[PDB]
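A single chain comes next, written as structure tokens; it is the form deposited in one PDB entry.
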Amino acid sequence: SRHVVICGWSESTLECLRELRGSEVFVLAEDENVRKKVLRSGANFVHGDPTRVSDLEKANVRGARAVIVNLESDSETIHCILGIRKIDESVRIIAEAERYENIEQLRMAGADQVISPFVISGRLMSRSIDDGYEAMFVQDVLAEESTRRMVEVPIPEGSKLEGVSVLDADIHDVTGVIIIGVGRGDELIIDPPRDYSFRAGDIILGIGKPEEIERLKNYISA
């Protein structure tokens, strides 16, 4: 079915729910004081040790749409992932890493996608000591979306750009949206060549103003 399991619970998992559908969601956590918070956010709760194979099963890891792992240490996170893989070799796994050196480990454990927020943060700290416009960008487009947002956008099964090359698409100058890359199953091509051409299903990874995104959305189908 369409359900999602979340292991552990923190401010990032709380944020993750703002964007998700509560019925859909099962939070698996060791500590009970988390139950009220999880329920208030409109998700289901499961009391269990998320490093225990039988408890991961209990929380419906098997048919799940995706599993999100964020435990209190990299040690527990890895271990959770090892567990999940024993239950389902092919379920999509998203996992938060703490220490840079364990990004690798989570990936050889089974994480399909890793996130290192404490490493991004730690580096934006050092680059920003004198000014750091990089930090401004991250904060104002990834975090707050105060003027511009980054977006994944599908070329529909309609047309307009079907078969058309990026050079002939001239998206930046037609839309106002910068293209960062094109996603086609399992690989993101960043800065795609003039000659690379589009098909229905491809995801465009862009940056633009809300009105610019509306132009882009319009100019891809019909």
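The term rigid core refers to the maximal set of C-alpha atoms that superpose within 1.5 Å between the two forms. Position 1 is the first residue in the sequence shown; the rest follow in order.
Omitted here: the form deposited in another entry. The next part is about that form.
Aligning the rigid core between this form and the one not shown and inspecting 94, 87, 124, 103, the C-alpha positions shift by 2 Å or more at one residue, which is 124.
Positional change of residue 40 between this form and the one not shown stays under 2 Å at the C-alpha, relative to the superposed core. Comparing the forms between this form and the one not shown on their rigid core, the Cα displacement of residue 174 reaches 2 Å or more.
Residue 29 is not among the residues whose C-alpha shifts by 2 Å or more between this form and the one not shown once the rigid core is aligned; its shift stays under 2 Å. Whereas the shown form places them at one spacing, the Cα atoms of residue 115 and residue 23 lie at least 3 Å closer in the other form.
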